[PDB]
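Student: Have a look at the structure that comes next, please.
Methodologically, a virtual Cβ is constructed for each residue, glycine included, from the backbone with ideal geometry; neighbour enumeration extends over all protein chains shown. Computed from the coordinates by the stated procedures, all read-outs in this text should not be read as laboratory data.
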Amino acid sequence: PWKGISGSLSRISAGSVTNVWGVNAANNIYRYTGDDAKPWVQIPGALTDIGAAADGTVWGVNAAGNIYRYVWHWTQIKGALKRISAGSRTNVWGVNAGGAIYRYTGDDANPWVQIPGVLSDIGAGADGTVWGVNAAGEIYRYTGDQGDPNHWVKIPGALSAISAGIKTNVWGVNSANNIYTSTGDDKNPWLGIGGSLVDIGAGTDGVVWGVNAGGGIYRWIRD
Amino acid sequence: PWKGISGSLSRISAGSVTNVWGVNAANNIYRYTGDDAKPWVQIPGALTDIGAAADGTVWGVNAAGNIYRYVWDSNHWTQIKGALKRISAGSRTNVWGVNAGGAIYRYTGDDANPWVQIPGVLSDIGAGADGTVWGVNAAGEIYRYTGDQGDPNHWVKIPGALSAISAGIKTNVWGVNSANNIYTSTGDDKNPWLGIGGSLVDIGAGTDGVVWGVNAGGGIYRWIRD
Amino acid sequence: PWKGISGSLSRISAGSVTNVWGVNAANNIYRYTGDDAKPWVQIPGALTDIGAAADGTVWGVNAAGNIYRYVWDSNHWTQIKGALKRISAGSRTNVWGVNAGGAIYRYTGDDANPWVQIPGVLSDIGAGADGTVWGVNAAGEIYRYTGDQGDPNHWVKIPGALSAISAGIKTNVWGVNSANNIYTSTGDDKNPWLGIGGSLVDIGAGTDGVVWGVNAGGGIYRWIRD
Amino acid sequence: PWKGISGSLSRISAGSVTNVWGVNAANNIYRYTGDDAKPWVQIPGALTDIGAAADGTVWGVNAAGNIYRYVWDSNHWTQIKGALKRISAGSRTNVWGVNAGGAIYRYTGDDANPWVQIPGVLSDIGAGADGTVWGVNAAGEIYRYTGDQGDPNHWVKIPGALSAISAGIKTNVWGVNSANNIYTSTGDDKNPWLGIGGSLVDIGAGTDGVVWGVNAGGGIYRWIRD
Ligand SMILES: CO[C@H]1[C@H](O)[C@H](O)[C@H](C)O[C@@H]1[Se]C
Ligand SMILES: CO[C@H]1[C@H](O)[C@H](O)[C@H](C)O[C@@H]1[Se]C
Ligand SMILES: CO[C@H]1[C@H](O)[C@H](O)[C@H](C)O[C@@H]1[Se]C
Ligand SMILES: CO[C@H]1[C@H](O)[C@H](O)[C@H](C)O[C@@H]1[Se]C
Ligand SMILES: CO[C@H]1[C@H](O)[C@H](O)[C@H](C)O[C@@H]1[Se]C
Ligand SMILES: CO[C@H]1[C@H](O)[C@H](O)[C@H](C)O[C@@H]1[Se]C
Ligand SMILES: CO[C@H]1[C@H](O)[C@H](O)[C@H](C)O[C@@H]1[Se]C
Ligand SMILES: CO[C@H]1[C@H](O)[C@H](O)[C@H](C)O[C@@H]1[Se]C
Ligand SMILES: CO[C@H]1[C@H](O)[C@H](O)[C@H](C)O[C@@H]1[Se]C
Ligand SMILES: CO[C@H]1[C@H](O)[C@H](O)[C@H](C)O[C@@H]1[Se]C
Ligand SMILES: CO[C@H]1[C@H](O)[C@H](O)[C@H](C)O[C@@H]1[Se]C
Ligand SMILES: CO[C@H]1[C@H](O)[C@H](O)[C@H](C)O[C@@H]1[Se]C
Ligand SMILES: CO[C@H]1[C@H](O)[C@H](O)[C@H](C)O[C@@H]1[Se]C
Ligand SMILES: CO[C@H]1[C@H](O)[C@H](O)[C@H](C)O[C@@H]1[Se]C
Ligand SMILES: CO[C@H]1[C@H](O)[C@H](O)[C@H](C)O[C@@H]1[Se]C
Ligand SMILES: CO[C@H]1[C@H](O)[C@H](O)[C@H](C)O[C@@H]1[Se]C
Ligand SMILES: CO[C@H]1[C@H](O)[C@H](O)[C@H](C)O[C@@H]1[Se]C
Ligand SMILES: CO[C@H]1[C@H](O)[C@H](O)[C@H](C)O[C@@H]1[Se]C
Ligand SMILES: CO[C@H]1[C@H](O)[C@H](O)[C@H](C)O[C@@H]1[Se]C
Ligand SMILES: CO[C@H]1[C@H](O)[C@H](O)[C@H](C)O[C@@H]1[Se]C
Ligand SMILES: CO[C@H]1[C@H](O)[C@H](O)[C@H](C)O[C@@H]1[Se]C
Ligand SMILES: [Mg+2]
Ligand SMILES: [Mg+2]
Ligand SMILES: [Mg+2]
Ligand SMILES: [Mg+2]
């Protein structure tokens, strides 16, 4: 099931059990302390989406679309994005307000390359896994680095938010707030997990965190 | 070549050099200690197959078909609903099994609804930390999973014949045939197996390259490269 | 058994076979080179404890209690505000320490506000790449962190007595007691430790299975399995 | 020291102990089997440089400059548009090359638009699983990539001279100079290299610490620590 963790967040990302970040409705930024009794520290800045990777990589975008990378507070990286996901230093993707899709090049002076397609959310994993959903709710998995010249393969179902920590840990929520996890069977690809969430973050190590419409925060209790 | 390790085991699984478990003919459970002078510690419980992952995840099944996950606390094991005969854990997120009728199952991550059936028929399976999955059927035919890579037939047949298989990562795949001959994957599907000297009935191939096996008389071996 | 490695060190930390660091009695800092013929290179600075992670992260504290993180450039170290006496780095995201009054701290990832106090009292701590954390208190009592797993008491006591502890991953946990006796975790909380021949005063257990130690006379050892 | 391994190779790359590939003077391709008694299996195709990652990713270039990625199925290789002379694969997401005019390229993850030029001029490059990238230029000057860390000049020069370099992770960086002398990085940019006994013309340094090399007469060696 799910365990409630005190606090309020509107978007959340989990790269690993030790790297979990979110933003609240007001755009305040928080990182998970590892202490469930005192679970958040506020990190200076303002963001509306955030992507936290297994290796400690953290990227975010603000309401205007400005893009930032955490420097271990924030360095702006040129461009404009509306949603962002970071699975690792080398696998960072986002989408802009118009739905265009970009992947980070690793060159801060020329930081994005556009990837053909249209998406409204995206999840990028440490292992290179990339999944997305479009405005209508259609679901895609990236194949453009695997020889597919149409880049994306549609996977049945409908989701509004998605997160991929690894090939084997992919979760999303539909517009109704129903929660799904990928089965690993493209012909029968989702299994419903009880609960209601509006955003979700799935880590490479299996950790899964989510927030519901009211801002309540949950960690999946797999044991 | 192989280094002989003291003790007696019937099935074995290796996820990493620090997470290697086995079961003996009496169904006792043992974990490798890291010291070849005192290699095994008995973990309470009874199992007939076991899967141990690099991330620490350990799953097992017993003679009745009951399914267990190790909980790393003083309760030791939790029973997960269902019935399985063989099991393999590549990681927390990549756990597969085969039931007594040869049906194939993948763990869903929901203990309340824990398995989805994956099409096919197998007799042994090996799952890895990177999502890699290989299986063998009762006639010895060998398959690698493709159902998460857009293949509507779920599995691709790889030439050869094996009776047990293990695949802790895409790059470390090993099996044995019914005659106890040992093979490792070349990574070339058109020339897929290299014979390795020795004799084993079960094998465990870790994500980190460790390889452990057991032979028909209970003898235990670890692979030595240097 | 242990292989003796030349040189002299007082404390040691191993994150992986390629990231092993120590300090000597003079507070000089050394990094393992990967060649047992010329095993140490002195890194400029002065420290009394050090934590080295598999991901390359290295943290240290000096005799004054000052806290440093290695920056992997010609500046070498950056001072992080606060005071600590012992430190362990499992990864960039999992760094813990204990101060001179036994209070426990976890790194927040914000150098401007770097520590949160975790309830408890300890004298040594070992943090891993998977989030695993073990500690010991001054009476030798042993604890494993549970405060990120819903436990309002933050730690579970594990039977036994140790004075130094290291835990680079859930599956590779080692310690020494005040008499210099060496123990490794069995993974069974009801039968938790296996004695290992040898004698050490500090130990470092890597994510990849590497294990290094130092003895009371400064002697340095690496664990050999094969 | 080095262990000699049978066979003959001209260039080599090691991503992990289980993913090591090379090419010989005839441009034949070989993969390491894991058994030093029968160490190589020829993989069909022709290449002049190769990069093999810990995650299984393998890229290569041929004498014409054509670029290939291994597809782990019976087709073996897929050609990727462009021309390169040297290549290194740290992981699926971190692949770099140098073309015959010394221009530097990073893989974009889009086979239809596969390369972005990174400013600079190099003659060899080594990329790691953690994003680490090192290069050398034709005069032997050594650089480490900083262009993803806010540096508008993209590279920092590290003292010394090398002709081939490999960097499977931040903590395992090795090279050779034009005189075939072997060096490993100390992690101290002000005292950056340790000389290692032996003689090699190419080297591959894995994410897991494995190190392989080849010498001018085709001789193949693996580094042994214990
Ligand atoms: C993460 O939850 C936040 C919440 O969003 C509020 O900002 C509140 C004032 O602070 C809590 Se953290 C105690
Ligand atoms: C990440 O937070 C940003 C914020 O969104 C504003 O752009 C502000 C002007 O700069 C801060 Se960076 C401290
Ligand atoms: C990622 O930022 C994008 C931005 O969203 C615009 O599409 C702009 C036309 O292109 C930049 Se990338 C130069
Ligand atoms: C991922 O982008 C999708 C897009 O959202 C549309 O569904 C379009 C019809 O197909 C593309 Se896939 C090139
Ligand atoms: C993930 O897609 C879901 C979809 O959102 C609907 O809830 C539908 C009723 O079930 C599908 Se899963 C067959
Ligand atoms: C994660 O789903 C939550 C849901 O959002 C509601 O808060 C409900 C009251 O509790 C469930 Se937890 C089964
Ligand atoms: C692992 O080998 C075991 C063996 O299976 C027997 O249980 C025997 C009683 O003890 C040996 Se060593 C623990
Ligand atoms: C793993 O061992 C199992 C055992 O096989 C029995 O099913 C017993 C009922 O439960 C133990 Se675990 C309490
Ligand atoms: C994995 O367990 C299977 C079991 O073997 C049976 O096929 C049963 C009909 O379905 C269950 Se799925 C809980
Ligand atoms: C893996 O399952 C195999 C099965 O063993 C049979 O060979 C059957 C003819 O093919 C299925 Se693949 C759908
Ligand atoms: C792995 O398959 C083996 C098979 O089991 C037989 O030993 C056969 C003689 O050789 C094949 Se490898 C061509
Ligand atoms: C690591 O051992 C050191 C030792 O601590 C002394 O600094 C000595 C001067 O040199 C030996 Se070897 C570098
Ligand atoms: C790690 O070494 C430290 C040292 O202990 C001193 O505190 C000195 C003030 O700073 C050096 Se790093 C400049
Ligand atoms: C980690 O440093 C601690 C320090 O030891 C003191 O307890 C001080 C009162 O609080 C600081 Se937290 C910056
Ligand atoms: C880890 O801290 C321990 C402490 O050392 C004491 O044993 C105390 C009685 O228990 C606390 Se656990 C809240
Ligand atoms: C790790 O704990 C040790 C302890 O330090 C003593 O050596 C005691 C005699 O044995 C216990 Se292990 C039962
Ligand atoms: C890897 O070494 C090879 C060598 O390059 C030659 O192709 C030779 C014909 O066979 C040796 Se061993 C496969
Ligand atoms: C990797 O080998 C290549 C080879 O070099 C040739 O370019 C040929 C045209 O293609 C083979 Se792969 C079909
Ligand atoms: C990597 O290939 C390069 C190539 O070497 C040339 O510089 C060409 C002008 O640009 C291509 Se980028 C497809
Ligand atoms: C890596 O490229 C180097 C290049 O080799 C030259 O040394 C040039 C003077 O500096 C560039 Se760094 C912009
Ligand atoms: C790696 O750089 C080497 C260089 O190649 C020369 O061997 C020189 C004599 O020594 C430097 Se290391 C100071
Ligand atoms: Mg997201
Ligand atoms: Mg098995
Ligand atoms: Mg320590
Ligand atoms: Mg190379």
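Student: Using the Cα atoms of the protein assembly as shown, I'd like the radius of gyration and the largest Cα-Cα distance, Dmax, both in angstrom.
Tutor: Just the Cα atoms of the protein assembly as shown yield Rg and Dmax of 25.5, 69 Å.
Student: With the cut-off at 22 Å, tell me which of the pairs A:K167/B:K170; A:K154/B:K170; B:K170/B:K190; B:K85/B:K170; A:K187/D:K81 have Cα atoms farther apart than that.
Tutor: A:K154/B:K170; B:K85/B:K170; A:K187/D:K81
Student: Could you derive backbone 3J(HN,Hα) for segment D:13-19 from the dihedral phi with the Karplus parameters 6.51, -1.76 and 1.60 (θ = phi - 60°), listing whole Hz in sequence and x where the residue is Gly or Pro?
Tutor: 9, 10, x, 7, 4, 9, 9
Student: Still on this structure, please answer the following. Hey, which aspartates and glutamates would be in cross-link range of A:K3, C-alpha to C-alpha under 19 Å, not counting anything within fewer than 8 residues on its own chain?
Tutor: Those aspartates and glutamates meeting the cut-off are A:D35, A:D36, A:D199, A:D205, A:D223, B:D110, B:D111, C:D148, C:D151.
Student: Using all Cα-Cα distances in segment D:83-165, what percent lands in each 10 angstrom bin from 0 up to the longest?
Tutor: Spelled out bin by bin, segment D:83-165 gives 19, 56, 23, 2 percent.
Student: Still on this structure: Amide H of C:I118: which non-local residues (sequence gap of 5 or more, or other chain) have their own amide H closer than 5 Å, using H built in the peptide plane?
Tutor: Amide H to amide H, under 5 Å and 5 or more residues apart or across chains, C:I118 pairs with C:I104, C:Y105, C:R106.
Student: Another question, if that's okay. Give the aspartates and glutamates reachable from B:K157 as a straight Cα distance under 14 Å; neighbours fewer than 8 places away on the same chain don't count.
Tutor: B:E141, B:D188, B:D189, D:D73
Student: How large is the direction-averaged shadow of the alpha-carbon convex hull of segment D:1-159, in nm²?
Tutor: The orientation-averaged projected area of the Cα hull of segment D:1-159 comes to 10.2 nm².
Student: Here's something else I'd like to know. Take chain B, connect every pair of alpha-carbon atoms lying under 10 Å apart with a spring to form a Gaussian network, then pick out the residue of B:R11, B:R31, B:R86 with the largest mean-square fluctuation.
Tutor: Maximum among the listed residues: B:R31.
Student: Only Cα pairs within less than 10 Å get springs; with that Gaussian network setup on chain C, which residue of C:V71, C:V201, C:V173 has the largest fluctuation?
Tutor: For chain C, modelled as a Gaussian network with Cα springs under 10 Å, the answer is C:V71.
Student: Next up: Given N residues in chain A, what is Rg(Cα) / (2.2 N^0.38 Å)?
Tutor: My calculation over the Cα atoms of chain A gives 0.92.
Student: Can you work out ³J(HN,Hα) from phi for every residue in segment B:31-44, in order, using Karplus 6.51 cos²θ - 1.76 cosθ + 1.60 and θ = phi - 60°, giving whole Hz and x for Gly and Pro?
Tutor: Once θ is set to phi - 60°, the couplings for segment B:31-44 become 10, 5, 8, x, 10, 5, 6, 9, x, 10, 10, 6, 9, x Hz.
Student: Continuing with this model, one more query. Past the 21 angstrom mark, what percentage of all C-alpha to C-alpha distances in segment A:101-188 do you count?
Tutor: It works out to 28 percent of all Cα pairs.
Student: Averaged across the residues of A:142-148, what count of C-beta atoms belonging to other chains lies within 10 Å of each residue's C-beta?
Tutor: Mean shielding by partner chains, rounded to a whole number: 6.
Student: Here is a further query. Would you kindly derive the ³J(HN,Hα) couplings of segment D:103-113 from the backbone phi angles with the Karplus curve 6.51 cos²θ - 1.76 cosθ + 1.60 (θ = phi - 60°), listing them in order in whole Hz, with x for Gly and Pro?
Tutor: These are the phi-based 3J(HN,Hα) values: 5, 10, 9, 10, 5, 8, x, 10, 4, 6, 8 Hz.
Student: Taking a quarter of the surface of the Cα convex hull of segment C:73-222, what do you get in nm²?
Tutor: 9.8 nm²
Student: Take every residue in peptide B:106-112, count the Cβ atoms of other chains within 10 Å of its Cβ, and give the average of those counts.
Tutor: Across the residues of B:106-112, the mean count of other-chain Cβ atoms within 10 Å is 6.
Student: Averaging sequence separations of C-alpha pairs under 8 Å and six or more residues apart, then dividing by the length of chain D, give the relative contact order as a whole percent.
Tutor: 19 percent
Student: Based on the Cβ-Cβ distance from B:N27 to B:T146, what FRET efficiency comes out when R0 is 35 Å, to the nearest 0.05? Before the final figure, lay out each step's value.
Tutor: Values: r = 34 Å, r/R0 = 0.98.
Given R0 = 35 Å and the Cβ-Cβ separation, E is 0.50.
Student: Counting only residues 5 or more places away or on other chains, whose amide H sits under 5 Å from the amide H of A:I193 once H atoms are built in the peptide plane?
Tutor: Here A:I179, A:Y180, A:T181 satisfy the definition.
Student: Restricting things to alpha carbons, tell me how big segment B:44-100 is in terms of Rg and Dmax, in Å.
Tutor: 10.3, 30
Student: Among the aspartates and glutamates, select those whose C-alpha is under 15 Å from the C-alpha of C:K3, and discard any that sit fewer than 8 residues away in the same chain.
Tutor: Cα-Cα hits under 15 Å: B:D35, B:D36, C:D35, C:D36, C:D226, D:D226.
Student: While we're looking at this one, here's another question. Per residue of A:188-194, count partner chain C-beta atoms within 10 Å of its C-beta, then hand back the mean as an integer.
Tutor: 4
Student: Here's a follow-up. Would you mind working out the magnitude of the charge dipole of the protein assembly as shown relative to its Cα centre, with +1 at each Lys and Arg C-beta and -1 at each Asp and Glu C-beta, to the nearest 20 Debye?
Tutor: So the dipole magnitude of the protein assembly as shown works out to roughly 280 debye.
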